[PDB]
Each structure stands twice: as structure tokens, then as C-alpha cells.
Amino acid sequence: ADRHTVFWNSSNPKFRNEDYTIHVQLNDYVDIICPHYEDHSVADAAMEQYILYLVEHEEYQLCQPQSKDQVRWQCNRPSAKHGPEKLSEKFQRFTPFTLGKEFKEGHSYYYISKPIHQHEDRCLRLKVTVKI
């Protein structure tokens, strides 16, 4: 598939106006790349970490999950030896796994985060629209 890379970190200016949106096709992947740090550049406490949620429009608008059920992934490996922790979501129409998400042409879908290096100063969120 075409894959779409999203760097999920507060330094990414794409998040600056709270309206980061990407446009994908069915069966594309979105690779959400967690913040990641080389072994000495930044103090441990300054390293960003997030809970990622996949939520409905109302939760995206409020930037607040409605329930823990919406946790999609956690960016909790900020200095992992191999490189950044990555969530790779395939925008597939059907799943055999009932905790996962189905995606439809012509629909839009939403990720928000909450910080674990938690002074929530700012909303990071993402809208993904699936074409026909």
C-alpha cells in the first residue's frame, strides 16, 4: 500500500493549528512514529511519551477519550535501541479481530493523544479521511 508517515511529537509543526489531516485510500497504512531520542541528547524527564486513542468525532473535538476502551497504542519507549516505537494501522474495510477498527471509503476517523510526560499543555490530534 501507499504508507503515510505521521511523526507524533509536539515539535512537528503539522500539529500546530490542531487541524492536521491526512487523506488515504482504503488499504493504505498510516505509520504513526512515536517520539524517539538518541541516548544522551535530552534529559529523561524532557522525553515525550503518549497514550494514543482512536476515537469518534465528538472525542476528537473535545480532545478527550470517552473511555479506556479507545486506547489504541502507547508511545512508552522513547529511547528504544532499535528506533522509534511505531503504530502501523492498516485502513482495511474488514477485521477478524473484534477489538480492532474497520475503515470505510468516504468516511473520516480520528486519533488523539494524552501525554504521559504529562503536563497536558496542548492538544495533539489527527483526522484521517478515506477516499472513495
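Note that residue numbering follows the sequence shown and begins at 1.
S.K.: What stretch has the higher average Cα B-factor here, 24-32 or 65-73?
M.R.: The deposited B-factors put 65-73 ahead on the C-alpha mean.
S.K.: Which is higher on mean Cα B factor in this entry, 119-127 or 5-13?
M.R.: Per the deposited B-factors, the answer is 119-127.
S.K.: Looking at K86, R93, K90, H107, which has the highest CA B-factor as recorded?
M.R.: Checking the PDB record, the top C-alpha B-factor among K86, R93, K90, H107 is at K86.
S.K.: In terms of recorded Cα temperature factor, pick the maximum from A43, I51, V55, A80.
M.R.: It is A43.
S.K.: Please place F97 in the lowest, middle or highest third of its chain by C-alpha B factor as given in the entry.
M.R.: Lowest third.
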